[PDB]
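One chain follows as structure tokens, the form deposited in one PDB entry.
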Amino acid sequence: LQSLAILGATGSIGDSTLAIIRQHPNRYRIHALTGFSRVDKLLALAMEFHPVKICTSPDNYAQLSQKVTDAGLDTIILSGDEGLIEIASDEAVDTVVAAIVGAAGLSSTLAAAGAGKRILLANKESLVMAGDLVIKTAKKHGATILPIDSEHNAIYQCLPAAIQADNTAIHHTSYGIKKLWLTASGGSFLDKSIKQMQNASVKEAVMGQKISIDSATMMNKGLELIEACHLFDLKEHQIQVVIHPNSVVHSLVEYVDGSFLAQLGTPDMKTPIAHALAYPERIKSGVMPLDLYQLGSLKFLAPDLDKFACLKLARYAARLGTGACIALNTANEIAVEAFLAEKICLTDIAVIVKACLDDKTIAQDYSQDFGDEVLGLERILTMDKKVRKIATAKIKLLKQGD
């Protein structure tokens, strides 16, 4: 079999993954699961799969330990940064599913990499924030990364085996990769006007909120752009976007003979997770298959970059390097929270992000060696900390009109 650890097990990615595990008892054993906030769900999961370890936040450690004992469970309870690292570097773990969202997840993904683990990557931060470092660390120690997000996974499925196994192979001209194409639904304001977009908020949210806001601004796709440059070892000019409201075509690889290879699917994350889990093999995933007879019509159009400024910004960030990508993201974080808490207009998200990318204070730190074996991570998190301060300030100043 294969011993698994799911970092961030109480959300969507966790549900989908564990559903497959149930259908495949004989292939995948759970060794560890984690959850920062959702203690009862974490507990429920623990009672079901009997993991050798679990981890939660520092604040919840005591309650969780008390609960774990009140249930008569053999399971070790960890907490915080340290517990994530232990689980990700554990010698009894063969495969890690990195599903923690946010800067708090980097150290464990880096750890899985350090320890040579198979990694099923399911958060954007690992490569948006720690791009060079994650990839360098994986190569050095022989980790394997396999993307789970729908777009990256489609691209990965549509690339020849040699490039799947060694992403730097994409540069040998014989494989004839010309460019990658990311599809994007255009979010909830595709058909609405530039003027209707300056307004809120249940409208903007209609399916998690932040990610749904990112879909409506198109920051999600810029982020995926930055991730793709690292995942598949390209620069941004080689990766283009097409809008595709239906979201049936998950992405495409263009080859130099004119062949576009593409993955089509439903939204069900069990498809990409099953592919990644069983790679190079395939297994039943338990999804309701896409019905080719009921697609009606798949629309495609060019992205309106004036409306979708976050996408231009992200590409601008990708050109500059790890520093501005750190800034792009952290700023988006603060700016999205702001909109959700009704402090800004939807269109200000981009105004704010731009302001931070340009800030003289932020730029002095771009030239730093964020890829460094030894101080890389410190410098990333320091940069993250700095940009929240500035982004927060920026939101303040925007409101008065500065």
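Residues carry their position along the shown sequence, with the first being 1. We call the rigid core whatever largest set of C-alpha positions still superposes within 1.5 Å between the two forms.
- Going from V206 to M207, the model skips 4 to 9 deposited residues, which lack coordinates.
- 114 to 122 and 196 to 204 differ in mean CA B-factor, and the higher of the two is recorded for 196 to 204.
- Judged by mean Cα B factor in the deposited record, 337 to 345 ranks above the other of 337 to 345 and 59 to 67.
- Highest C-alpha temperature factor among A103, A331, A228, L290 per the entry: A103.
- As recorded in the PDB entry, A92 shows the highest C-alpha B-factor of the residues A262, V242, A98, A92.
- Sort the modelled residues of the chain by CA B factor and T271 lands in the lowest third.
- For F232, the recorded CA B-factor ranks within the middle third of the chain. Only modelled residues enter the ranking.
- The PDB entry assigns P147 a C-alpha temperature factor belonging to the lowest third of its chain's modelled residues.
- Among all modelled residues in this chain, the alpha-carbon of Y279 has a temperature factor (C-alpha) in the middle third.
- When all modelled residues of the chain are sorted by CA temperature factor, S16 is found within the lowest third.
A second form of this protein, the form deposited in another entry, is not displayed here; the remarks below concern that form.
- Considering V39, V68, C345, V52, one residue stands apart with a C-alpha shift of at least 2 Å between the shown form and the other one following superposition on the core, and it is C345.
- Core-superposed comparison between the shown form and the other one: CA of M197 displaced by 2 Å or more.
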